[PDB]
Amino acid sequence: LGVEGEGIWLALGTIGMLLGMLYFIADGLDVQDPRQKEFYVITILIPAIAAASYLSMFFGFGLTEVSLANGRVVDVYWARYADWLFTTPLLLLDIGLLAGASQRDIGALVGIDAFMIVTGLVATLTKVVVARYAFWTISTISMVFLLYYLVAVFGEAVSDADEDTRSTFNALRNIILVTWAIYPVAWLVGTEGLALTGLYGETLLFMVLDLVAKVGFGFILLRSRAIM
């Protein structure tokens, strides 16, 4: 339900995350080695967090109304950003641990990621239309850099590893590039930006993106020989 029917995607999203989390848990019951176990922990925590955010939004807590200087009223699920603030660095940690990136490089990307999510949240909450777009632009620029550094810096880090590790890395990297690049488009075409689509469409789009980026990614990671 929700404001305009979009709660269905919230509920499905919850269940989806919850199913993936349970699958991951079920997958790691028989694992002793600490590094593999670390990948389990991170990758279980990610959809746990996303399931809880989704559930909060289904119930109406992740939701505030914002009145723009436009007179335009926008229905804002801000719990997304809460979710994103924690799960995107964890996803970066996951693949960075896969890649054998240094503490330094992971920290760098996480810093950039955090900047990206917070300036996104400002873009979403600000009443000034020009501010909305300026911050969407700042956030997207930071995203472009994050994705470049992911490719160059983590790719270099993974370049001396075995074939399975490099292969899994490349798969996960491409999942990040494609799915993560779509989020700013989604923001632009949904109600928060140009409102070409409404809340229902936008919510469906982010449900699909989140499911791919968290459960799809998690599946690909946790099944690899690379983490083993």
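The term rigid core refers to the most C-alpha atoms you can superpose between the two forms while keeping them within 1.5 Å. All residue numbers are counted from 1 along the displayed sequence.
Taking 25-33 and 50-58 in turn, the stretch whose Cα atoms are more displaced from the shown form in 4 other deposited structures of this protein following rigid core superposition is 25-33. Comparing the deposited coordinates for 21-29 and 214-222, the stretch with the larger average C-alpha B-factor is 21-29. According to the PDB record, 95-103 carries the higher mean C-alpha B-factor of the two stretches 121-129 and 95-103. As recorded in the PDB entry, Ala161 shows the highest C-alpha B-factor of the residues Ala52, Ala181, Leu172, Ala161. Among all modelled residues in its chain, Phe58 ranks in the middle third by Cα B-factor. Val41: CA B factor lies in the middle third for its chain, per the PDB record. Ranked by Cα temperature factor within the chain, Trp84 sits in the lowest third according to the deposited record.
Per the deposited record, the Cα B-factor of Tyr77 falls in the middle third when ranked against the other modelled residues of its chain. Per the deposited record, the Cα B-factor of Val110 falls in the middle third when ranked against the other modelled residues of its chain.
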